[PDB]
Amino acid sequence: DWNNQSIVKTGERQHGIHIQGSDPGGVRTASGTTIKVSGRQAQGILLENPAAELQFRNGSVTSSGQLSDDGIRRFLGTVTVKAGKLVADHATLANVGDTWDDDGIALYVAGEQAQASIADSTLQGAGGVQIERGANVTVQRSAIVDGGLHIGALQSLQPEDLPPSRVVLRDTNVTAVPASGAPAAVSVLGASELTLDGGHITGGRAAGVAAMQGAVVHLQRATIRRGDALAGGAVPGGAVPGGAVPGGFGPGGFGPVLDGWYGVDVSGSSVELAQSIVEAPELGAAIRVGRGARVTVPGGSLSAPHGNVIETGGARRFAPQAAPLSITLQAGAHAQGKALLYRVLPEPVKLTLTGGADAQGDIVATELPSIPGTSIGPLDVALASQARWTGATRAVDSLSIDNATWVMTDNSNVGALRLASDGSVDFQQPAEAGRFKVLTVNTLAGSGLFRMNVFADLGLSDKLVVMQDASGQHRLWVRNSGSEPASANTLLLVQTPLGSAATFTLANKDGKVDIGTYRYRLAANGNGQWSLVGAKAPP
């Protein structure tokens with residue numbers, strides 16, 4: 001059709017290849033062809049026919065004019081598909097227009113009958129790839145070199161309708177260079193769906209990946225870092241940003257809605273991370289959740305060494321009606337930060353760790369933004385099936401520990417503590433002697449295990465305080481963390497209300513623990529205290 005040819009156009013809206021609405025349907029093929037356009041409102045490729053298809057293989061497409069759209073708002077791409085199917089294979093696509101004079105979009109696919117299949121190609125330009133309004137796009141073994149990947153929209157009040165944009169990426173890297181002022185490297189907004197398997201996602205002014213307003217995202221075998229750089233025309237300057245330009249009705253590159261640097265920023269949407277790596281900068285968080293967001297993470301890693309693994313916000317008013325924020329780490333997911341979780345606004349939060357999830361850091365919250373006590377949504381956390389949480393809190397309302405463990409690293413406050421099937425609270429052995437900890441809780445229930453440190457020689461031990469109601473059948477295992485005692489001393493391990501039904505048994509071998517020449521056994525004389533008593537051992 002247009003094989004091994006050079007198409008060079010310079011006039012206003014003088015496209016390299018244009019398949020119109022008044023043209024016939026059918027497959028057009030281009031192989032070994034290079035397209036270069038520079039006129040105003042001229043794309044390299046323009047597809048506007050639902051029955052048409054274009055196979056563009058082993059060629060290159062470049063444009064440098066302002067690709068402003070006649071219909072209010074919008075900028076188009078060097079390759080734009082408004083209807084029909086584009087199949088690009090081993091292609092070199094580049095929008096080389098002034099950053100100033102144009103959005104630099106390399107590929108724009110929009111509409112219910114707009115489709116695109118991109119394989120083994122590179123897409124260059126500061127506006128990246130923009131997909132919306134029910135388009136369907138598959139991208140394989142490629143790379144969006146510097147403008148990022150932007151699916152869907154918000155605001156833009158203009159005749160709308162039905163289907164979601166559906167985008168599938170496989171082994172394709174996406175980078176949003178600082179120049180390309182894209183808020184996120186990958187943004188999925190509104191009725192949009194993204195499936196990503198394999199690939200490196202780097203950049204974004206405010207986030208690596210942003211999922212807003214009903215978006216549905218599925219990341220697998222991916223890495224999400226803030227760092228990056230490059231992609232483009234020639235070598236002038238790196239990223240304006242003292243630019244500020246003609247072009248018309250068009251933003252650098254889309255999103256976001258919140259800012260600082262978050263690996264994954266989810267609001268009113270759902271994101272699934274599977275075997276991926278997320279690295280947050282000192283300032284920010286691996287994952288930020290708001291407005292009923294749902295995030296799930298099997299395997300992989302979440303690291304925020306100098307910050308928060310998870311940040312929860314989005315919603316200034318708590319409403320019992322609405323569904324809470326939900327974060328689940330399962331299938332051996334690893335997480336590590338100063339704070340595992342950090343609450344910023346009053347919306348309820350549910351944090352679940354299961355399937356050998358291994359999380360590290362404290363759970364922190366922000367006292368109160370005036371909203372009277374019961375105007376604050378609860379912070380509930382659940383540990384199950386071998387998961388492990390090592391950190392401390394003063395902000396968890398309820399904690400269930402079922403066949404999993406909480407390694408408590410410092411004095412902690414928990415509203416209601418429920419244990420089951422060998423769930424345990426392990427009072428971490430301190431580095432310094434006599435540095436006992438206190439776990440204070442309102443209620444205790446179920447059947448669990450507490451590993452508690454005893455400093456016989458100082459007459460000190462860790463302590464469990466239940467202020468309102470202790471019930472259940474629990475076990476206490478004593479860790480000899482000091483030296484031998486020189487006389488008989490008794491340690492107050494557990495304080496419970498006088499009536500309390502709870503029962504505690506020493507789990508140490510034979511119901512006793514020998515430290516030096518002293519033997520300690522657990523005793524309760526009905527008053528609400530459980531004490532490790534300890535007396536001279538028998539010869």
Side-chain angles (χ1 to χ4, degrees), residues 93-95 99 104-107 118 121-131 139-151 167-189 194-212 215 217-232 238-241 252-256 258-266 271-288 297 300-309 337:
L93 275 27
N95 184 327
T99 319
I105 297 168
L107 176 68
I118 310 296
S121 293
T122 53
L123 308 270
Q124 300 175 82
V129 176
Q130 322 252 339
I131 301 157
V139 180
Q140 292 173 285
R141 294 180 302 281
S142 290
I144 299 170
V145 197
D146 68 286
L149 171 62
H150 312 108
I151 307 159
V167 181
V168 172
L169 301 201
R170 168 140 190 254
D171 287 332
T172 161
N173 307 320
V174 183
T175 294
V177 125
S180 69
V186 171
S187 64
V188 196
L189 321 172
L194 174 61
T195 293
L196 184 145
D197 182 8
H200 295 97
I201 294 160
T202 113
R205 194 202 332 106
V209 180
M212 313 295 301
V217 179
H218 187 288
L219 309 178
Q220 178 173 219
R221 286 163 194 133
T223 70
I224 293 168
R225 300 180 183 102
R226 190 216 218 152
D228 63 36
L230 187 266
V240 263
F254 288 97
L258 282 146
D259 314 310
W261 199 89
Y262 308 96
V264 190
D265 196 8
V266 195
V271 175
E272 299 237 0
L273 279 82
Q275 295 84 37
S276 306
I277 295 167
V278 164
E279 295 171 6
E282 25 169 286
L283 352 80
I287 301 179
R288 177 170 51 188
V297 185
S301 247
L302 303 179
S303 20
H306 310 110
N308 302 325
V309 182

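Numbers here are sequence positions counted from 1.
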J.: Output yes when a side-chain donor or acceptor of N173 lies under 3.5 Å from a complementary backbone atom of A143, and no otherwise.
T.: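 No.
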
J.: Counting distance only, does the side-chain N/O of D265 pair as donor-acceptor with the main-chain N or O of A207 below 3.5 Å?
T.: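 Checked: no pair found.
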
J.: Pick out which of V297, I287, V266 makes a side chain to side chain contact (heavy atoms under 4.5 Å, CB included) with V271.
T.: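 Result: among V297, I287, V266, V266 is the only option passing the side chain to side chain contact (heavy atoms under 4.5 Å, CB included) with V271.
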
J.: Can you tell me how far CD1 of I151 sits from CD1 of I131, rounded to the nearest 0.5 angstrom?
T.: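 Between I131 CD1 and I151 CD1, I get 5.0 Å after rounding to 0.5 Å.
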
J.: List the atom of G128, the atom of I144, and the distance in Å for their closest heavy-atom pair.
T.: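 Shortest heavy-atom contact: CA-CG2, 4.1 Å.
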
J.: Given 3.5 Å as the limit, does a donor-acceptor pair link the side chain of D146 with the main chain of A176, or not?
T.: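 Pair absent, no side-chain N/O of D146 close to backbone of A176.
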
J.: For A286 and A280, work out which heavy atoms get closest and say how close.
T.: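 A286 and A280 have their closest heavy atoms at N-CB, 3.4 Å.
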
J.: Identify the heavy atoms of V174 and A185 that sit nearest to each other, and give their distance.
T.: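 That would be CG1-O, 3.4 Å.
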
J.: Between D171 and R141, is there a salt bridge with N-O shorter than 4.0 Å?
T.: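 Salt bridge between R141 and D171, a charged N being under 4.0 Å from a carboxylate O: no.
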
J.: What's the separation between atom CG in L230 and atom CD in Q124, rounded to the nearest 0.5 Å?
T.: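 Here the rounded value is 7.0 Å.
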
J.: Considering all heavy atoms of both residues, which atom of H150 and which atom of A182 are nearest to each other, and what is their separation?
T.: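 Residues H150 and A182, closest heavy atoms: NE2-CB, 3.6 Å.
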
J.: So which atom in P178 and which in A239 form the shortest heavy-atom distance, rounded to 0.1 Å?
T.: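 The answer is C-CB, 3.9 Å.
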
J.: To the nearest 0.5 Å, what is the distance between CG on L196 and CZ on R170?
T.: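 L196 CG to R170 CZ: 11.5 Å, rounded to 0.5 Å.
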
J.: Side chain of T202, backbone of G227: donor and acceptor closer than 3.5 Å?
T.: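 Yes.
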
J.: Would you give the length of the straight line joining atom OG of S301 to atom CG of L273, rounded to the nearest 0.5 angstrom?
T.: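 Spacing of OG (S301) from CG (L273) equals 11.5 Å.
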
J.: One pair to check against side chain to side chain contact (heavy atoms under 4.5 Å, CB included): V129 and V139. What are the steps and the verdict?
T.: CA-CA 11 Å; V129 176; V139 180; 5.8 Å; no

J.: Determine, step by step, whether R226 and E279 satisfy the side chain to side chain contact (heavy atoms under 4.5 Å, CB included) criterion, reporting the C-alpha distance in whole Å, the side-chain angles of both residues, the deciding distance to 0.1 Å, and the verdict.
T.: CA-CA 8 Å; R226 190 216 218 152; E279 295 171 6; over 6 Å; no

J.: Please report the closest heavy-atom contact between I201 and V186, naming both atoms and the distance.
T.: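 Smallest heavy-atom distance, with atoms named: CG2-CG2, 4.1 Å.
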
J.: Check whether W261 reaches the backbone of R225 with its side chain - one donor and one acceptor, N or O, closer than 3.5 Å.
T.: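 No, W261 side chain to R225 backbone: no donor-acceptor pair under 3.5 Å.
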
J.: Once you round to the nearest 0.5 Å, how far does NE2 of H200 lie from CG of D228?
T.: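 One gets 13.0 Å once the value is rounded to the nearest 0.5 Å.
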
J.: Report the distance from atom CG of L149 to atom OG1 of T175, rounding to the nearest 0.5 Å.
T.: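 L149 atom CG to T175 atom OG1 measures 11.5 Å (nearest 0.5 Å).
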
